[PDB]
Amino acid sequence: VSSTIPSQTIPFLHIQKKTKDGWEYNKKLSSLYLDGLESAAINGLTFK
Amino acid sequence: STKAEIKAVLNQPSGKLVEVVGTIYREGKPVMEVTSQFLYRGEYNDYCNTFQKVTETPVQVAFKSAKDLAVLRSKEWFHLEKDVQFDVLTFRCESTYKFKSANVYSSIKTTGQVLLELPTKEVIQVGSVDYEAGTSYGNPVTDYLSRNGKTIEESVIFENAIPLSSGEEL
Amino acid sequence: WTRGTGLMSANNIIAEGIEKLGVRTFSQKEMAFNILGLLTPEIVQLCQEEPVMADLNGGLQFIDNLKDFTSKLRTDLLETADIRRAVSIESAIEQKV
């Protein structure tokens, strides 16, 4: 997904990071979430 | 002068109900309506020679919404002959029945007229409607106008009765 | 915006409307998937270092006056559906007459 997220476009499901102005969309952190979501879709989630 | 015109010839279980509403003219301008009913007591089955051309009253429907336009459009008999928003009717209509049996009508003919309020209480001319049918148990137009509400009724009945000139001096 | 059975079955009828702005609504399985994606080993390790806001809202934050937008969408749907039901009811009455 890192190569899939369009430029200047905020994905629907995004992890926010807190800076001085407040919580804002952070691209690398949201991409880390979305790649885990790929791993959960193609392979799944481990919960043991 | 005089002017007679047959309106209805009904076949009820009491017999033919001749309906004559011959009006009266004093040089052109109508003066009196004068409706009379005669009844050929007996039992008659001739239904081809049976009809009832009733004229309707200024019947007012009851509505308050914008669905009113949609309902009026849905009526295939109504034809658009005005350019003002719809919320209520006061049609002065008139129809023509043809009986093929005791209650069922061989055909229906309705032409009527259309009514609704105009700008600043300054009303001018209006348009009309049209309808035909066949082998029907009722008239859609009149029943619709009535079902939404009663006509222009300048008659609301008083609550309780008291005497006026009751006694033996009447 | 989550679409489920229960007491929110009355707000599902506008979900299609909002979704055609470029926002997306979620079913209950989709929000299960999204929140279970917060339990991945990387997000879990990322929570031991930093508290994590996960905006799983599907873009509903970009709609100005969401309350009024949803209210007028619902009003439009209701005022279409009721008049459609009523025209049909009146036509059925006419046909029975």
Side-chain angles (χ1 to χ4, degrees), chain A, chain C residues 1-5 8-9 11-71 73-74:
Chain A
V1 168
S2 65
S3 66
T4 300
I5 302 167
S7 180
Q8 72 89 33
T9 298
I10 293 175
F12 281 153
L13 316 162
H14 64 271
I15 309 299
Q16 291 180 354
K17 189 172 174 62
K18 186 176 181 180
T19 55
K20 181 65 189 293
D21 55 352
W23 304 80
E24 61 157 335
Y25 162 72
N26 175 235
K27 182 175 174 66
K28 67 182 290 294
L29 200 79
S30 296
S31 196
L32 187 151
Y33 172 71
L34 290 172
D35 293 340
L37 258 62
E38 290 181 353
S39 285
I42 297 89
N43 321 107
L45 294 174
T46 298
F47 284 152
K48 290 175 70 175
Chain C
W1 211 263
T2 311
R3 294 174 280 109
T5 63
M8 73 291 291
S9 178
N11 72 22
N12 300 147
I13 64 172
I14 63 173
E16 175 171 323
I18 298 169
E19 278 188 352
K20 65 179 73 174
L21 283 61
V23 174
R24 185 178 183 271
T25 300
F26 313 105
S27 64
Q28 284 182 353
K29 290 184 182 293
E30 295 174 357
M31 294 300 291
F33 179 79
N34 304 311
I35 299 172
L36 291 166
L38 293 177
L39 304 174
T40 63
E42 57 269 14
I43 295 297
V44 161
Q45 75 186 99
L46 188 153
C47 295
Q48 280 74 242
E49 293 179 353
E50 295 176 353
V52 173
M53 278 282 192
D55 197 79
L56 306 177
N57 204 26
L60 291 171
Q61 61 260 6
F62 291 92
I63 319 173
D64 300 329
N65 290 318
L66 177 66
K67 199 199 155 179
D68 292 332
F69 188 38
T70 55
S71 292
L73 287 186
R74 185 179 296 113

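Just so it is clear, the values below take in all heavy atoms, side chains as well, and ignore hydrogens, waters and symmetry mates. A note on names: the letters A, B, ... follow the listed sequences, proteins ahead of strands, and every chain is numbered from 1.
- When each of C/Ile43, C/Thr40, C/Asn34, C/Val23 is checked for heavy-atom pairs under 4.5 Å with chain A, C/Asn34 comes out on top.
- Counting only distance, with no hydrogens or angles, the side chain of A/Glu24 and the backbone of A/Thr19 share no donor-acceptor pair below 3.5 Å.
- Annotation: maximal heavy-atom pairing with chain A below 4.5 Å, among C/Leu38, C/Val52, C/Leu60, occurs at C/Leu38.
- Without hydrogens or angle criteria, C/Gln48 side chain to C/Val44 main chain gives a donor-acceptor distance under 3.5 Å.
- By the 4.5 Å heavy-atom criterion applied to side chains, C/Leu36 and A/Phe47 are counted as neighbours.
- Contact of A/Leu37 with chain C is made through backbone and side chain together, with heavy-atom distances under 4.5 Å.
- A donor-acceptor contact shorter than 3.5 Å is absent between the side chain of A/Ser31 and the backbone of A/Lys27.
- Contact of C/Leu46 with chain A is made through the side chain alone, with heavy-atom distances under 4.5 Å.
- If you measure heavy-atom distances from A/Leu34 to chain C, you find no contacts under 4.5 Å at all.
- Between C/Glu50 and A/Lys18, no side-chain nitrogen of the basic residue sits less than 4.0 Å from a carboxylate oxygen of the acidic one, so the salt-bridge criterion is not met.
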